[PDB]
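Report on one structure; see the data block that follows.
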Amino acid sequence: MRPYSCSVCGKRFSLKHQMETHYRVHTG
Ligand SMILES: [Zn+2]
């Protein structure tokens, strides 16, 4: 996948920070 990926949810992202910023959702 040219772009990164949620590596957890299964989405795609070309901005490591954006995806990494998404992990803030895997908290709890
Ligand atoms: Zn995720």
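Numbering (our numbering), first residue to last: 12 to 39. Ideal Cβ placement from N, Cα and C applies to all residues, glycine included.
beta-carbon residue i near ligand 1 non-hydrogen atom, thresh 7 Å
i: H28; result: no
Chain C contact for residue i (CB, 8 Å cutoff)
i: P14; result: Of the protein chains in the structure, only one exists, and it is not chain C.
Buried versus exposed call for residue i [16 or more other C-beta atoms within 10 Å across all chains shown]
i: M12; result: exposed
Give me every residue whose Cβ sits closer than 5 Å to any heavy atom of ligand 1, in chain order.
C17, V19 and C20
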